[PDB]
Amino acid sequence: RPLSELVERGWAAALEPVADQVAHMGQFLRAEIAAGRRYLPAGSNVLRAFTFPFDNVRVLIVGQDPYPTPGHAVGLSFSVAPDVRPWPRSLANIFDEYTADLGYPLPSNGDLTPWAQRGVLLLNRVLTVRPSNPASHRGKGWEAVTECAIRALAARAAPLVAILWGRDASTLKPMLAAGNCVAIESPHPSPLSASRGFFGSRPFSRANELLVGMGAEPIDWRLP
């Protein structure tokens, strides 16, 4: 199936340069299932970040790989389905910062769909994983796909704030080089690092400060 059938119109055009690569990933995934390996998220969710309009994106929040725990990954970085509990600890930490930064109550559940609807791109660098095997689809072909996506996003005339959590995300700074882009960076929300620079970083309000200063509307971050 061609890109225009899988993703939103603007993303299909942005991702044209990697259309063959995306087809190849579908072949890889089929071969995984034929070899008796599973993958997450569900097939229908793999490209989900690209189902929300390319032109509407104002904030990029980069992830690395999908959650490897069965039933967690949903195709948007960090998000979980509404019935998932307890929250993955990175997400719980994200939510702690959300409350402290913004003053909102704890969200009711871990579903970040409203952010995606509002132009927050929840993009993992690698879009699939074998269950219980963290980072197991590194090097399988997604990195070129998601690099194309980020470069296309950065090339738009429109404002963009990139939120870069952890060392691997910070290495994308070169590709956000353009005057229309601005990166904020901190240690990752995982418990390993969170108290050494993530908590108190105020990424949500600062992203809004930056967008307003670039002439854009702020993100309404409020979750149910």
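Position 1 is the first residue in the sequence shown; the rest follow in order. Rigid core here is just the name for the largest C-alpha set that superposes within 1.5 Å across the two forms.
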{"property": "Positional deviation of Cα atoms in 9 other deposited structures of this protein after core superposition, greater for 197-205 or 18-26", "result": "197-205"}
{"property": "Rigid core superposition result in 9 other deposited structures of this protein, more deviant of 42-50, 188-196 by Cα", "result": "188-196"}
{"property": "Comparing 36-44 with 179-187, the one whose average Cα B-factor in the PDB entry is higher", "result": "179-187"}
{"property": "Mean Cα B-factor comparison, 8-16 or 205-213, giving the higher one as deposited", "result": "8-16"}
{"property": "Criterion, highest CA B-factor; candidates, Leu29, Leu172, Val161, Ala49", "result": "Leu172"}
{"property": "Chain third (lowest, middle, highest) by recorded CA B-factor, residue given as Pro66", "result": "lowest"}
{"property": "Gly75, C-alpha B-factor rank within chain (lowest, middle or highest third)", "result": "lowest"}
{"property": "Chain-relative CA temperature factor third for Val59", "result": "lowest"}
{"property": "Chain-relative CA temperature factor third for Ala144", "result": "middle"}
{"property": "Assigned third (lowest, middle, highest) for the C-alpha B factor of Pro131", "result": "middle"}
